[PDB]
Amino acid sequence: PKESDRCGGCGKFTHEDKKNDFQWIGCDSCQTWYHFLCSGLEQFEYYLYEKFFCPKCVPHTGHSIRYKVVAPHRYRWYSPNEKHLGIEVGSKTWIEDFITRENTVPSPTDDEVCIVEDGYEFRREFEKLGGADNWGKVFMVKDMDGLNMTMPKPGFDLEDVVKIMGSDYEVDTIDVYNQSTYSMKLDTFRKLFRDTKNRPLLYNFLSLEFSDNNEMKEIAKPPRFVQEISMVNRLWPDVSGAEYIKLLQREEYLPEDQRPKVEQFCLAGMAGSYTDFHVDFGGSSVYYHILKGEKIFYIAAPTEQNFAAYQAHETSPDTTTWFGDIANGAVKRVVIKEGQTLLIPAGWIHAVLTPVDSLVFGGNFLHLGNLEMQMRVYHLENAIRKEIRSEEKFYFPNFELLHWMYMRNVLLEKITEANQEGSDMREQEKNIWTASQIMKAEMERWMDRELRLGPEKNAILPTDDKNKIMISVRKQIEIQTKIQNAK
């Protein structure tokens, strides 16, 4: 091929292959082409420079010249043809103003959020309301004592993180004023973060999942209660020696690379960060602890009125209206300060402002208590995905697969036992019974869809295996309903 189309480099035509993609960038000086990953740039930089300005040119050309902030109220702030368009949520201009008027949104009712003093108090109130089977309101815990939730010692901060994880460790970072996501080196984030005076752009990452880092995963953990109801945890138990061998002996082993990795996240944001309204993926519940700084959550109850508002807001092309202004006073304000812990069940629609440089440890989880709401949110996601194109990474990893395995490995067992024994399940296993009915109904839909128009890409679960699971499920459910026409 032509030599002007050779990196770079790398001195190759094709880059072996985070991912370079088949992506390139040309020097506006030496005019040669580089693979993106041979350019020296990090993904968050790909759109920043009008001029670039490779390594072989900088000591004599100067550092790359970045676009002029021509329109700070647009996501494309660098674009002149957008100077005249409206103010977008939450661009630099929008946030700037919002920081001053934001305090007018109402506090929540006691029916929506329950603020307790510590983990012990939480437990009481929690049980009062039916525990996790009947978990519908968010809780804010002013002190973590009594939650049995491992957290590092304060004074612990961003530095220890980039040291434990490594400085080259890349993480999906939100370019705030641009309301987009790009990979950034932990070390590169630390630099920008530590420069408190010069922040031409703001960054906030929420997606540093460390469950797989032998050090980190030991330093910050979910509350005991979260672990006890986590469906992911139940399917991929942290087990060893004979327990693990047994797990293998029963065909109950699942690969670690199939595990939804979402229960252990570190988050860090620059002052001024705003994350726009969303529901957490898969309708997952959240634990969220402030190690440093402060967050302001703007929240709305998982009602059908609110969902319908949210779905329309999410599918409309409008970009200039805060969802709070169309929500008919559904949005409430809750401030979370250093050392305080938020616990959000399935459904809650929320946005968050970061008043102050921050560091947080949190995680997402699925539990049977919120099965129905979890499926409701899944329907909400899928309906939005029909109108708007998004990346699967912003959705719950292996949602369906998880449910396929939970039925096969957990539920399918219990039902069969009762069917062999007595045994009407509504006696000490009612919760289990209803969970099954719900799970199967949704699963029959997936099976239906899969059958009406084909399976996804290659893997993971073959159609015939889903059916064989289903065949088994229908039988035992069919069989159990009978038992429920005597007892």
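Don't overthink the numbering: it's just position in the shown sequence, from 1. Basically, rigid core = biggest C-alpha set you can superpose within 1.5 Å across the two forms.
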Which of 177 to 185 and 385 to 393 strays further in 7 other deposited structures of this protein - Cα RMS after rigid core alignment: 385 to 393
Greatest C-alpha divergence in 7 other deposited structures of this protein once each structure is fitted on the rigid core, 475 to 483 or 20 to 28: 20 to 28
Deposited but uncoordinated residues in the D465/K466 interval: none
Average Cα temperature factor in the PDB entry - higher stretch of 282 to 290, 140 to 148: 140 to 148
57 to 65 versus 439 to 447 - which carries the larger mean C-alpha B factor in the record: 57 to 65
Member of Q311, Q264, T416, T104 with the greatest C-alpha B factor (per the PDB record): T416
Residue with highest C-alpha B-factor in the PDB entry, from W94, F122, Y244, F307: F122
Chain thirds of CA B-factor: placement of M270: lowest
Within-chain third of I388 by Cα B-factor, per the entry: highest
Chain thirds of CA B-factor: placement of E400: lowest
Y169 - Cα temperature factor, lowest/middle/highest third of chain: middle
Among modelled residues of the same chain, the CA temperature factor third for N81: highest
